[PDB]
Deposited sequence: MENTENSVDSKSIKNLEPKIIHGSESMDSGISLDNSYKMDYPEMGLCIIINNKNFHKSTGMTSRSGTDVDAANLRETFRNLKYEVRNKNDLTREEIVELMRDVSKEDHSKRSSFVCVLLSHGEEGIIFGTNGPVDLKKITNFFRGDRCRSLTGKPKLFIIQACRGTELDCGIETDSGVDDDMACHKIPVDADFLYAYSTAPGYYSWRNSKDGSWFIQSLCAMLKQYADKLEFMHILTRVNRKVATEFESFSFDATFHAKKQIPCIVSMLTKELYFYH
């Protein structure tokens, strides 16, 4: 079985794009992030999502937006997609002025809260580190937290890589697989291909030996109860 993807609209796709961090935070500029935001905006416009980009939001403005968006009438929408591009740590992503807990952000869309999205897939795509480990490579009543999917760019507790000129390994790979297979494969199958792509094709380059030649594996966290076809 699979989700009803034939409502009037496919749903909205919010893209939070944080490139500039306050001097306070001691957080560098995420160069290449715009490449990603652009790539996503087009991939999701093609699958018929009403896209919206929000640039450099502070920890505060983020909760305001998610709160406002969760109160809109998603009745004639098939799903909801949220992309978070920023710096982060396990369970955390930074606003421009500081770190927001992701649990606080996703809770607005639980089935009990956003009744307009109950029974419909709520996708969260996240590009940001989930810690500081380095991978050196080798060789009817339903649960309120149901119908959620977390496409994480990296394994729990690890570094997530971004190229200053090409964007993040994960986002380039996600947009790539999405346009190559959204017309034929089931979502989980598209993400497994993304997993293999970032796993086999990338490897970091650096003059600083600590950050040179490091690998990465995205992490799919599925609580979906049906198969998701973008085409149906």
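In sequence order, the deposited residues that have no C-alpha coordinates form the ranges 1-34, 174-184.
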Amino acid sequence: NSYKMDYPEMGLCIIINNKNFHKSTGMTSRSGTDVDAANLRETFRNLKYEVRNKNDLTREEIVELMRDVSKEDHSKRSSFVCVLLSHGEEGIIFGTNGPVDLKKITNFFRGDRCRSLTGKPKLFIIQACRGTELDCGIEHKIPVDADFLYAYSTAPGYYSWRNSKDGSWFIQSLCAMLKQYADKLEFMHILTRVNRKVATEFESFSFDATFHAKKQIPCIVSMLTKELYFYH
From here on, numbers count along this sequence of modelled residues.
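In every other compared PDB entry of this protein that covers both flanking sides, residue 115 is modelled, so it falls short of the one-third threshold for missing coordinates. Coverage remark for residue 140: absent from the model in at least one third of the other entries compared whose chains are built on both sides.
Of the two segments, 203-211 and 24-32, the one listed with the higher mean B-factor is 24-32 (C-alpha atoms only). For the pair 69-77 and 150-158, the mean Cα B-factor is higher in 69-77. Comparing C-alpha B-factors across 189, 184, 196, 41 in the deposited entry, the largest value falls on 184. Taking the PDB entry at face value, the top CA B factor among 93, 117, 125, 144 belongs to 93. Sorting the modelled residues of the chain by their CA temperature factor places residue 57 in the highest third. When the modelled residues of the chain are ordered by C-alpha B-factor, residue 168 sits in the middle third. When the CA B factors of the chain's modelled residues are split into thirds, the value for residue 63 lands in the highest one.
When the modelled residues of the chain are ordered by C-alpha B-factor, residue 100 sits in the highest third. Residue 135 sits in the lowest third of its chain by CA B factor, as recorded in the PDB entry.
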